[PDB]
Structure formats: structure tokens, C-alpha cells
Amino acid sequence: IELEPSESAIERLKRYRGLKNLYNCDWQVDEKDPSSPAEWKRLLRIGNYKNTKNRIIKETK
RNA sequence: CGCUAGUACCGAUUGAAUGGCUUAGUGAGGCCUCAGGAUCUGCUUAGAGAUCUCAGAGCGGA
């Protein structure tokens, strides 16, 4: 990103979070986001997807 | 700590199927035999009027 020096780089970068390394750190999964879809809780959560679909095909048989 | 994939022994389905051995009994089928005789057919006394059936009865053979 190429900052405009005229404008304050604080308001642009309010929501950003700095990290040592993406791979190493840990986020708690969501946040008080409010640019998420509010239907985030209106989503089916899945465990092991393998242990979902073989079960469902098993019930389909 | 617990839940999820993975691999071998029992064990029930009286399961339910494949073969091996084995008990006892049955055993088709040809073939060889003991009979059989549907039937078919020779010859002869012989039936009827001059290689003619008009009844049969023997002697046979397939």
C-alpha cells in the first residue's frame, strides 16, 4: 500500500493487526467484527468433513 | 482426559455356501445277463368255389 503522506495513516489502519508470523500466531476464530455477515452464526458448523460425509452417505444407503 | 480413521482373534446368526476325509443308507444310467412278447413274417396237414383269401392248428424265424 502506498500511503498518501497528506492523510493520516492511523484512520486507514485502525482495524489491522500486526503479527510476527501468520503461521505461528493464533487468532480466536471470529471477532466483534462488524464487517462480517451477521448470518455468521446462521451457518452450519462442521467437525471432520470426512466424518460428516461418509456418515451422510451411510444414512443415504 | 475423550471422540475420529486404521488392523488381527473369538463368537452368535443355527447362519450360508464352497470343498476334503468319514459313518450309514439310497442310487440314475447304459452295458452284460434271466425272462418278456405289442407286433411282423416263412412252411405244412387245412379252409372256399379246380402262384384263390374264405376258420384255425402246428413247425419256426425277426
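All of the numbers you see were taken from the coordinates with simple rules; none came from a lab. No Cβ is skipped: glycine too gets one built from the backbone with ideal geometry, and neighbour counts run over all protein chains shown.
Based solely on its DSSP helices, what 222 nm [θ] is calculated for chain A when runs of n ≥ 4 H residues each add -39,500 (n - 2.57) and the sum is averaged over all residues, nearest 500 deg cm²/dmol?
My calculation for chain A gives -5500 deg cm²/dmol from helical runs alone.
Label 7 Å along Cα→Cβ of A:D30; segment A:37-54 residues with amide nitrogen under 15 Å?
Residues A:37-46 fall inside that zone.
Against the longest principal axis of chain A, how steep is helix A:50-60, in degrees 0 to 90 to the nearest 10, with axes from Cα atoms?
Long axis of A:50-60 versus the principal axis of chain A: about 40 degrees.
Among the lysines, which have Cα under 16 Å from the Cα of A:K61 when same-chain residues fewer than 8 positions away are ignored?
Straight-distance partners of A:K61: A:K53.
For chain A, what Kirkwood radius comes out of the mean inverse Cα-Cα distance, in Å?
Details: mean 1/r = 0.0609 Å⁻¹.
It is 16.4 Å.
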